[PDB]
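Naming follows writing order (A, B, C, D, E, F, G, H, I, J, K and L), and every chain is counted from residue 1.
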Amino acid sequence: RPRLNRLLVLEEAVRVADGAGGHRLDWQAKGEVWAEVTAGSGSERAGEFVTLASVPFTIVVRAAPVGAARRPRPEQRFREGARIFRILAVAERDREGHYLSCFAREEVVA
Amino acid sequence: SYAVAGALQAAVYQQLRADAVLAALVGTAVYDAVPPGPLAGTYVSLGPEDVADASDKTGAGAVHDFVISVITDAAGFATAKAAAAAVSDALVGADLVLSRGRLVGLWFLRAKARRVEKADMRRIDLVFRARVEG
Amino acid sequence: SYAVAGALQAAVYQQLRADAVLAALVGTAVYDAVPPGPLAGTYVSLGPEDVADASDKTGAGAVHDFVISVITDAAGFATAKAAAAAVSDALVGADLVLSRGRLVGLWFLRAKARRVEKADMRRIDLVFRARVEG
Amino acid sequence: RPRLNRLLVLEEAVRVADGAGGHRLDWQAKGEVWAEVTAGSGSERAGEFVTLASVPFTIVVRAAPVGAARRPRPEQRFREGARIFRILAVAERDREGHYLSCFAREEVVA
Amino acid sequence: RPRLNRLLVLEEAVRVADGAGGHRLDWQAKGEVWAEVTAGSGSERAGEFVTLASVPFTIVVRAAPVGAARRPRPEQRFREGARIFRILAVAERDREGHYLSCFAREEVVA
Amino acid sequence: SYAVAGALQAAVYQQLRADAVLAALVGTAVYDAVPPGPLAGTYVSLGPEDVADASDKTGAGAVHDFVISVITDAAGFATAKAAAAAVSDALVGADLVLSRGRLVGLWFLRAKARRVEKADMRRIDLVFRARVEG
Amino acid sequence: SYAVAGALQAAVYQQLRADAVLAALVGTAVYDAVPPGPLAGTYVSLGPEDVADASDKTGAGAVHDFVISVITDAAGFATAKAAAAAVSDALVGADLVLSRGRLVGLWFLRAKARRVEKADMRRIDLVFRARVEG
Amino acid sequence: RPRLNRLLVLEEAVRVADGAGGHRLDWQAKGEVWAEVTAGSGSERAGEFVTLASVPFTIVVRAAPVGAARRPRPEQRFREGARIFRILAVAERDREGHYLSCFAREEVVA
Amino acid sequence: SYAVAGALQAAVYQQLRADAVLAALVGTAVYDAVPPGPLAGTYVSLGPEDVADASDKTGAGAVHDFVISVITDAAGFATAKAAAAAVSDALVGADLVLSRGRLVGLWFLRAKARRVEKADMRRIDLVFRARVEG
Amino acid sequence: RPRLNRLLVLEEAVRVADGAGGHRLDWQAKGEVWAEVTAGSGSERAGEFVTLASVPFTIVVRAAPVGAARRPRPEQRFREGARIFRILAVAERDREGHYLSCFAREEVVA
Amino acid sequence: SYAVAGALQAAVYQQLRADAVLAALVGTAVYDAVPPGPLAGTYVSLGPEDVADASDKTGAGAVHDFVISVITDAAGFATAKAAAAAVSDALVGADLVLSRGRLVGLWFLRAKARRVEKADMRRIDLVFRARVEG
Amino acid sequence: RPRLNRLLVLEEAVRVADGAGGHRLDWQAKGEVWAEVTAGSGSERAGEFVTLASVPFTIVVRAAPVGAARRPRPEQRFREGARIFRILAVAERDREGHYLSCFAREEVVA
C-alpha cells in the first residue's frame, strides 16, 4: 500500500467566462493533500516552439466520493512550490477504493 | 488575428445563445472553452478562424473564415443537422455589432459533415465568411 | 449544414427503402445509424454531405454533395455494383418532396469504388449533387 | 477469481428511429449488476475540441447466455451515479465461463 | 496443454463465381470441432461507418494434415450459435504438433 | 456505381480469360475475388473503377476509369510488363457487349508501375476509360 | 536566408516589446528562443520566415513572409486574439529601420488560428509580408 | 536447446537473367534440413488485393560456415509439402554457434 | 504497361552495361532485380515507368516516363552524380532498337536527388520520356 | 540503491540575448557531480543531414531542492571530457527523494 | 543528375570555404559528407539538387535547383540567418568555373527557415537556380 | 559477464575528401577485437529497391578511453570474413565500465 510523503497543494481554477465563450482561469488554491509521486520514464517532448521536458509522475492520493472537495478532478492541477503537476486522469488505484492514481506531466520548458 | 478578431468571436458568441431555436435544440452548450463536468454531448464549438487580409491604402480590414463545428453523440446525425441549421439560420446576413470596427457581410461558405472518431461522434463544420472593416 | 440539410437526408432516406430493387438486393439494411446486432454486411450508408453555398440576394440555397457509400462483405464486389446501380437508378432526377424548401435537381457526380480494409470490405461512394432552394 | 464489489446500473438505449435513418437514443435503465472495476494506465486524449480524460477500466461481471438480459452487450453502457462507463467489448474472461471482461473508458471532459 | 470445452461449428463457404470474377460465398456448415477460446485485450475498432467491437480470441483446436477436412484453413470461420469467429491464421501451437492456434475477431457492430 | 457498372466489370472479365496471350502468360489467374489456396503469384486484378458522370438531358451515361492491376512475384518485372502488354492489347478499342446499355469506346489512360511492398511484389495499374451509355 | 534576414528578425523583435499594448497583455514573453524556467504560457514566437526572392538586375531584394505565432494556455482563446490583435496593430505599415538595407512595406497576409495539441494550447499564426531591399 | 522435428525441403532459385535486368526465378530444390518451427502471434495482413494470412514462425536449424550449402541464406525459402516458408533473415541463435534462427511468414492467401 | 513496355526496359538495359563510362564507375551493378549476395552499394536501378497514352485513331503509342534511380553508399554523393551523369550521357537522344515497335525520342525530364534513409544512402532518380510507337 | 562512480562536469549556459530575441549560449562550466550512467538500447537516428548515433543513458545523481545549484535542470547538460550528455528530464528516482534520474542522449555524429 | 552535376556541386563547394565571411561565422564546417567526431553544430550542407532539363536540339543543359541548408544548434536562429546571409552573398551572380560545361546564371529562389526536430535544431534551406550549359 | 568468442576485424575508413565536400571512404582494416555477438529478432526490411534482410546483433567488446584505438566508434564497422556489421552506437554495457555494447545490422541484400 502506498507510503504518502509529499505535500501537494491542490489547485482548482474558477472559470470566469469571457464574452466569446472562453472561460478565464484563475487557479485559486484548494486544500492540500498528501501523496506519493512515483516517476515514469521521462524524455523531452516537442511543444509548440518549446522543447518541453516531461515525465509521467503517477501520483497517488486518498479517495473520496465524487461530489467531495478532496477528489482531484482532472480539471485541477497539483502544485508543489513552483512545480505544477497537471492531472491527466484519476483512476481509483486500490481494490477496496482507498487510493486514487492520478497522472501528471511536470512540463518544464527547459 | 487581425484587430477585429478580438471582437468578432465575442459577438458571434452573443448572437448564439440568444436564438430561441438551438436553445431548445442544444441548450446552454454553445462555447469555445469546454466547461468541464459530464460533457453533455450535443454541443457546438466556435474557435478556428483564419484571415484573408482584404485591406486598403487608407484603413484595413479582414476576411474571417471562421469555423463553427457541431458535435453530436447521437446515433444518427439528423439531430446534428437541425442544430447546424439553426446555426446557419442565425448567422447568414447577421448585421451585428462589433467592439472594434464593424462587419459588412457575414456570408456562408463550405460546410462539411463527417464522423470524427470511431464513428461515434459527428462533426459538422460551418465556414462563414466575415468581411469586417477595421 | 444549411437549413435544408435537416430535411434532405430525411427525404433521400425515404426514397431509399421504397425502391423494389435494392429491397430484394440489400433488404432493410439502408441506414445512417447502424442497428447493432450481427452486422448483416451488405448495407449502404447515407451521411456525409457537404455544402457549396449557392445562394442569392433574395433567398438562399445550397449544393449538397452528399455521399452514399455501399459496403459489402462478399468476396467480389460485383454484388456491390448492382446495389449501387439501384442507388443511382433511384436518385438521379428524383424530384422528391422536402420539409424545408425544395430541391430543384438531384444530379450525379463522381462515384469511386475501392477496398477499405484488409481488402475484405468494399466501399463504393456515390456523390450526388443536390441543389436545394431554401 | 474476481472479487465483485461495485454496483453498476447497466443501461440500454432504445433506438427510436428518426426520418433520416438515424436512431435516437434514450438510455433507459436496465437492472443493476455487481462488478469489479480494475483501472488501467490513464491519460488525457484529444477529443473533437475537448481534452477528454480517459482510463481503461476493465470491468468484470458474471456471465449469461447471449440471449439474456444479464449480458452487457457492447451497445450498452454502465453508470455508477454520474460516471458513465462505455462498453468497448465483452470477452468472457473465465476459462469455465463464469465471468466476462468488459472494457470501459470513463471519458470525463476535464 | 489446452483444456477444450467449447463446441464451434466450423464453416466453409463454397465459392460460386460470378460473371465479373468475384466469387459469391454461401458459408455452408462443416463438421463441428472442440476448442478452447482464450480472450485477448479487446476494444472497439473503427469500421467503415460502423464502430465495430473486436476482441482477439486465440482459439485452440486439435491438428490434422493440411489436406484434411479437420484443419481450419484461414478461408473458414467458426460460429458458436450466432457469434461468428473469423479465422485470421492457423499456426500449429504445440511443439509435437497436436494443437493449432487459430486467431479470431468476433466483430460485433455494437 | 452507375447502372452500367454491374455489366461492365462482367464483360471486361469475359474478354479477359479468352485472349490466347495472357492465358499462356498468366494462366487462369485473372480475377476480382482471390481464390484462396497457395496464391500463385503472377495474377491480375480487376476491381477499382470510378465514374465521371458524362450524361444527358435525355438518357445518361458514365465514364468508368477502371483500374486493372498486374501483380507479380518474379524478381524483375519484365514478366509483369508482357502480361500488362497483353492486358492493353486485349482492351483498347474492345467493342464488346454489355448487359445494361453498351459502351462506345474503351480507351487507354495512365498506367503506373511500381513496387508495392518490401520491393518483393510489383503493381502495374492500368487505367482504362470506359465511356458507356445507359 | 537572404542577406536582409539577419536584420529583419532583429528589428521586428525590437518593435515588439516596445508597444504599450501587448506589454500589458503578454508581458515580457515575446521571444524566439524560449527562456527556460516555468513557461509562463501566453507567449508569442517570431522565427519562421521564408523568402520569395523578388530581385533585380541591379541590386536584389526579398519577400520575407515571416510567421509570428501566438500561443496561449488559457481555456478559451479570446485572450489570444487581442494579443494577436496587438501584434497586427504593431506591424502592418511599420516603416522601421534595418541594419542591412531597408524594408519598403510590411503588409499582412493569412493568419490561421487553431488548437495545436490535446486542444489545451492555441496557435495563432500571423504571416506578414516583408518586402525588403538589399 | 532446440528439439528438431520437422523436415523442411530447403529451396534455392537459380537466377536466369532476362533482357531487362530482372532475373527469373526457378526455385529448384536443395537438400533437406531438419528444424523446429515455433509459431508467433499471427494475424491476417493486407496484401495487394489479397487478404494474406501470415504468422511469424521462427525456424531453428543447425549451422554451417557462410560459404556452405547447408546455410539458409535469406535468398532461399523453405517448403514443407505445399507450405512455403519464406526466409526473412538468419541470425545464429546459439551462443556457441550451433543453431541458426530463421524467420518465416507462411503467407497463405485465405 | 502498354505493349511496347516489354521491349523498352529490355533495350534501355542493353544500352546500359555497354557504355564504357559507368562500367568503370559502377561496374556490373546495373539491374532491375537485385543479385543477392553482399550488396556492392553503388548500383543503379531501372524499373518504375508510367505511361501517358499518346495514341492515334490508326495505331497507338505510349509516353513511358521511366525512372532510373542511382543509389550510392559513399559518404558524399559526388560519386553518385558522375554515375548519374553517365546515365544521362548514355540515354538522351539514344535512337535504339526495340522488339515491339520503335521509339521516336528518348528525352530527359526531372531528376531529383536526395537521401533516402538515415541519410546513409542517396537516391538520384532520373525520369526519361520515351515516346514509343507501337 | 545506485552506486555512483562517474565524475560528470555539469554545465549551464548563460543566455546572452541577441537583438532578434534568440539567446546565445556559452556553456560555462558548473560544479562537478558524481553519478552512475546506465545505458539503454542504442541505435543510430536520422538527424538533419547527419546519421546521429544515440543511446538513452539514464544518469542518476543525488538530489537537492529545486532552487539549488546542485539540481540538474533540463536546461543543462553533462560533459565527461568531450562526451556531452544532454539532459532530457529530471525525475526524482528514489522514493525518499535522495536520487534523481536524468535522461541523456550522447548524440555522436558517426 | 545531368552531366554537369558532377562539376556543379564541386565548384559551389569551392566558392564556399573561400569567402572570408562564413569562415569567421561557420568555420570549416561546410560539407556534404559529415566529418564524424563531436558534431560542431553550426554547419551548412550542400547536397540535394534537382534538374529541370532545359535543353536544345543542338546541345543540352540543365536547371539545377540545388538546396543549401543551414543547421544551427544555437538557442535562437539569428545566428543561422547571417550564416545563410553569407551563403546568399557568396552565390547569387557567382560566375564561377565548372569542369563540364559552364553555368550561365546562378540565381536565387525560395529559402524557407524552420525548426526540424524537437525545436532544438533550425534548418534554413536556400534553393538556388543554376542554369548550366553542357 | 560476457563470454567473448568471435574474432571481429574492426575496420575504420579514412575520409579522402572530394571536391564537392563529400568524403570518399576506403575502409582500411584496423586491429582485430574479440567479441560476443548476440542476435536479436530479425526480419527483412525495405531498402531502396532491395529487400534487405537485417538482424539486430548486439555486439559486446571490451572497453578503452574514448581517445584510444580500441574503442569502436560508430563511424566504424566490424567485419567477420565477408559479413560486415555496421555500428549503430556504442554504449558502455558494464557497470564498472569493462564492456561496451555495440549495435549492428548485417544487412544482406537477400
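Just so it is clear, a contact is a pair of C-beta atoms (placed from the backbone, for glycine too) under 8 Å apart; a residue touches a chain by one contact, two chains touch by 3 or more.
Asks: On the document's contact criterion, could you list the chains that touch chain A and likewise touch chain H?
Replies: none
Asks: Through what angle, to the nearest 5 degrees, does chain B rotate to match chain C on its C-alpha atoms?
Replies: Superposing the C-alpha atoms of chain B on chain C needs a rotation of 60 degrees.
Asks: Approximately how many whole Å separate the CA-defined centres of chain A and chain K?
Replies: Using C-alpha averages as centres, the distance is 49 Å.
Asks: Using the average of all C-alpha atoms in each chain as its centre, how far is it in Å between chain D and chain K?
Replies: Chain centroid spacing, chain D to chain K, equals 60 Å.
Asks: Quick one: which residues in chain A touch 2 or more of the other chains?
Replies: Chain A, residues with two or more chain partners: 15, 18-23, 44, 47, 49-51, 73-75, 82, 108, 110.
Asks: Among the residues of chain I, which ones contact at least 2 other chains?
Replies: 9-10, 31-36, 47, 74-78, 81, 115, 117
Asks: All pairs of touching chains?
Replies: Pairs of chains that touch one another: A-B, A-D, A-G, A-J, A-K, B-C, B-D, B-E, B-G, C-D, C-E, C-F, C-H, D-E, D-G, E-F, E-H, F-H, F-I, F-L, G-J, G-K, H-I, H-L, I-J, I-K, I-L, J-K, J-L, K-L.
Asks: Please name which positions on chain K make contact with chain G in the complex.
Replies: 74-78, 81-82, 84-85, 88-89, 92, 107-115, 122, 124, 126
Asks: Within the complex, which stretch of chain I touches chain J?
Replies: 115, 117-120
Asks: What part of chain I is in contact with chain H in the complex they form?
Replies: 9-11, 13-14, 30-33, 35-36, 46-47
Asks: Contact residues on chain J for chain I in the complex?
Replies: My answer: residues 44-47, 49-51.
Asks: Would you pull the chain C residues touching chain B in the complex into a rising list?
Replies: It is residues 1-6, 9-10, 32-33, 47-53, 55, 60, 100 of chain C that touch chain B.
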